[PDB]
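No hydrogens, no waters, no symmetry mates; every other heavy atom, side chains included, goes into these values. Counting starts at 1 for both ligands and their atoms, following the listed order. This chain uses plain numbering: 1 for the first residue, then up along the sequence.
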Amino acid sequence: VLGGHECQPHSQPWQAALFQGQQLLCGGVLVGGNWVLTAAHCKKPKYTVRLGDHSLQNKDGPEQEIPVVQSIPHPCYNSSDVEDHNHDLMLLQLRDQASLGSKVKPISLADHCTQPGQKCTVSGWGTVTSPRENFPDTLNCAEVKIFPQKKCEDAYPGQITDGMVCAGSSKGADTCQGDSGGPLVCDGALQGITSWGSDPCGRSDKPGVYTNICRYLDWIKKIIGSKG
Ligand SMILES: [Ca+2]
């Protein structure tokens, strides 16, 4: 997270993280008790979701390390075409139900699509600098603004679909490598999932690109609304 700051600890109780061992893979969002939403390009055969975390190295005390027993990418997501990022979404089913409270808790899915100029929040453990990477130990937060789609399209010509949403900052706040799969929160709801962006991060002319969650409501709800 460029141009941001260290989040107040556990102020994003929905924040998740994908670990393989001690190696941090991606961010994630807790949208249900046993359900974690992330980016499809983070798919791995085996990994563990960590919740209630702030410092990667240090014990904060909320941490819950829960393995995932099912990975469900979006059926129209394509790993073949690189740079076709459309439908970058995956739901991870947790073996165990998460223990919930002020420190850990699912976030409501946004039932509205957003509007340009909407101020939002991104969080993650991804690099705080770019191009020279610095991966912080503590979760970082930044405020961003929803870009109009046609500015988004012109920023990445031909690469933007209606399942994507652009969010950027004049002062350089942007998601970066290691934040993928993490939350985009607008008005206390989950508006998006960190998908991809430009090189370097935090370019005034290039906003971050997030999977537009208002478009996927019926697919997420169906899977997480099942008997699983
Ligand atoms: Ca910790």
Side-chain angles (χ1 to χ4, degrees), residues 1-39 41-71 90-108 120-130 132-144 173-185 188-195 197 201-202 208 210 224:
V1 177
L2 272 67
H5 52 267
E6 173 182 350
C7 310
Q8 189 183 15
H10 325 284
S11 60
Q12 329 289 314
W14 44 84
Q15 178 75 50
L18 277 63
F19 285 92
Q20 290 197 305
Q22 289 265 290
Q23 164 146 318
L24 192 274
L25 254 57
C26 286
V29 191
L30 193 78
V31 292
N34 54 334
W35 289 101
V36 169
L37 183 66
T38 176
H41 73 260
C42 301
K43 191 201 171 308
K44 297 282 187 156
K46 252 174 175 286
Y47 33 24
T48 303
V49 177
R50 185 182 298 180
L51 306 163
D53 199 23
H54 192 255
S55 169
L56 298 178
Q57 305 257 117
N58 292 309
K59 179 182 179 187
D60 303 285
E63 298 91 332
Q64 295 176 40
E65 197 85 36
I66 308 178
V68 3
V69 285
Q70 183 152 269
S71 310
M90 183 170 49
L91 283 160
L92 309 182
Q93 190 189 29
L94 308 190
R95 178 194 73 187
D96 312 324
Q97 203 81 10
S99 181
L100 307 171
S102 52
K103 309 311 174 198
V104 178
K105 87 161 178 178
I107 180 187
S108 269
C120 303
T121 289
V122 301
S123 57
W125 283 276
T127 173
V128 80
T129 42
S130 186
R132 304 199 176 196
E133 286 182 344
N134 197 334
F135 281 107
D137 172 77
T138 48
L139 192 77
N140 265 240
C141 284
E143 205 209 55
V144 286
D174 185 34
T175 48
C176 209
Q177 212 251 40
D179 297 317
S180 308
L184 171 76
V185 183
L190 181 62
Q191 206 68 69
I193 290 285
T194 301
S195 181
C201 300
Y210 304 83
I224 68 183

Smallest heavy-atom separation, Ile107 atom then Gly188 atom, equals CG1-O, 4.0 Å

Output yes if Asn58 passes the N/O/S-under-3.0 Å test against the Ca ion (ligand 1); output no otherwise.
-> yes

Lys43 side, atom NZ; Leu18 side, atom CG - distance, nearest 0.5 Å | 11.0 Å

Could you give me the CA-CA distance, side-chain angles and deciding distance for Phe135 and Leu24, then say whether side-chain contact (heavy atoms from CB on, under 4.5 Å) is met?
-> CA-CA 10 Å; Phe135 281 107; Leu24 192 274; over 6 Å; no

What N/O/S atom of [X] is the closest to the Ca ion (ligand 1)?
{"X": "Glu63", "result": "OE2"}
{"X": "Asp53", "result": "OD1"}
{"X": "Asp60", "result": "OD2"}

Tabulate below the donor-acceptor pairs under 3.5 Å that side-chain atoms of residues 122-130 make, not counting sequence neighbours, or state none.
residue, atom, partner, partner atom, Å
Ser123, OG, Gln15, OE1, 2.5
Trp125, NE1, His54, O, 2.8
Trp125, NE1, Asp137, O, 3.4
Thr127, OG1, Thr129, N, 3.2
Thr127, OG1, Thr129, O, 2.8
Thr127, OG1, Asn134, N, 2.7
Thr127, OG1, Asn134, O, 3.2
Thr129, OG1, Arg132, O, 2.6
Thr129, OG1, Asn134, N, 3.0
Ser130, OG, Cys201, N, 3.0

